[PDB]
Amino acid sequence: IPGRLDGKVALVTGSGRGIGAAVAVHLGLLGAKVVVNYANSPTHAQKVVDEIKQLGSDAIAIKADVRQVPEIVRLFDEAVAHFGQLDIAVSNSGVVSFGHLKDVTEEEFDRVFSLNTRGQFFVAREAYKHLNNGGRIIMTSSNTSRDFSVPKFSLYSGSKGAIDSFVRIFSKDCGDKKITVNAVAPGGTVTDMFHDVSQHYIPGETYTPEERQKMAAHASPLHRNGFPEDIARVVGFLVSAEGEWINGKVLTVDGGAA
């Protein structure tokens, strides 16, 4: 069936919440067995797992802090040990930071890069090691990587610039087990990371999340916000057999937003 992952096994970093959980649920709905990674949210992780079973697929929830390379090896090893194999691996887990360059401390740089940049690099490494031939790797970026220059968004933005460079090359290295590497580069997607940002990137903590959401709904010429489900559908296609001939590319899923 076009678009489906029946008999495929997937892993998603940070799939208890946000775009993570919509991806896991969508791969599940598409036919794949889902390994749902969290670090701080076992409760929402279990809801995602149960939601996937309710629709007919299988899922488990493994805790692992993807800032820790040993916990990533354990994450993938345990994935393989439980479902038998891994076809698909979506590096989703990341954090936002906001600040003028003059006020960025070492501690803020390392927090962001450990997860966004370094953590995803090793999620990709262990993905290649653990993946069936024909498999899929997805990494997660930002339209603030190349397309939008928000002031005081340097640290986060470069953390993702590094992801764009990695995928192009990764798709070369990974071709030797016929694994395709792409990133998705979401724009404003309604999650707690979006609401934490809109507050700092609008003249401005005095507006309800609802109203910053309505303001940003205008940036899109479709007159709406992006949603986890929007980015999930694009990851779904990429990780299908039909999305094969997209390789080494970065897809921006923002809606034509300005």
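Numbers for residues come from their place in the sequence shown, where the first is 1.
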Residues of the deposited sequence that sit between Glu71 and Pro70 yet are not modelled: none
Out of 121 to 129 and 143 to 151, which stretch has the higher average CA B-factor listed in the record? 143 to 151
Taking the deposited Cα B-factors and averaging over 79 to 87 and over 111 to 119, the higher mean is found in 79 to 87
From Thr191, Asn37, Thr208, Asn40, can you pick the one with the highest C-alpha B factor in the entry? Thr208
In terms of the chain's CA B-factor thirds, is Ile231 lowest, middle or highest? lowest
Tertile call for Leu251 (CA temperature factor, within chain, third-based) is the lowest
Could you place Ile169 in the lowest, middle or highest third of its chain by Cα temperature factor, using the values in the record? highest
